[PDB]
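This document opens with one chain alone, in structure tokens, the form deposited in one PDB entry.
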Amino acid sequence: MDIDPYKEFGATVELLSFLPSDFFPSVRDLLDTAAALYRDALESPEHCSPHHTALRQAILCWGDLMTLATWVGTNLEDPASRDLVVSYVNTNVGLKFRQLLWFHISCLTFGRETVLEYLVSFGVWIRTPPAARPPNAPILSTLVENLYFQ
């Protein structure tokens, strides 16, 4: 079975990989943000939306991963070979969940197409040589003849 967690939400793992790790908040900051904005919906008996359902699982899975990793770290041989487990989370599964949690939280806040446009805008900005690009990053929340039809 080849399941892409982003496919049902109009994205792909390959698209989220266009963003380097430095772009994403930490998991703990993503989790704290999910609580501050969406705790009541996330804890409710109502589906709310597919992003809500998915985000619920991602949060619980991270708990699963940390419980197992902590149990491994609390009973493994060298209290120096924990730096390896911590590093393995940071270099591998940590970035995956930063991508995933950021994706659902930001989609719930700004909508999929704003999220997907910002994904490419920032991924292009950060690949432009710093001496040739605008000093500040593009901004996620951003975006006459209104008078004619008054």
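We number the residues from 1 along the sequence you see. Only residues modelled in both forms are compared. In this text, the rigid core denotes the largest set of C-alpha atoms whose superposition between the two forms falls within 1.5 Å.
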Missing residues of the deposited chain between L143 and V144 number 4 to 9
The stretch carrying the higher mean Cα B factor in the deposited entry, 81-89 or 30-38, is 81-89
On average, are the C-alpha B-factors higher in 57-65 or in 91-99?
91-99
Please place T128 in the lowest, middle or highest third of its chain according to the CA B-factor in the PDB entry.
lowest
Where does the C-alpha B-factor of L16 rank in its chain, lowest, middle or highest third?
lowest
Hey, what third does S106 fall into on Cα B-factor, ranked over its chain?
lowest
Entry-reported Cα temperature factor of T70, expressed as the chain third it lands in
highest
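Below, we refer to the form deposited in another entry, which is not included among the displayed structures.
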Has the Cα of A41 moved 2 Å or more between this form and the one not shown, judged after a core fit?
no
Using a superposition on the rigid core, decide whether the Cα position of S17 changes by 2 angstroms or more between this form and the one not shown.
no
Inspect the rigid-core superposition and answer whether the C-alpha of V120 shifts by 2 angstroms or more between this form and the one not shown.
yes
Displacement runs between this form and the one not shown, C-alpha, 2 Å or more, three or more consecutive residues, core aligned
78-81, 120-139
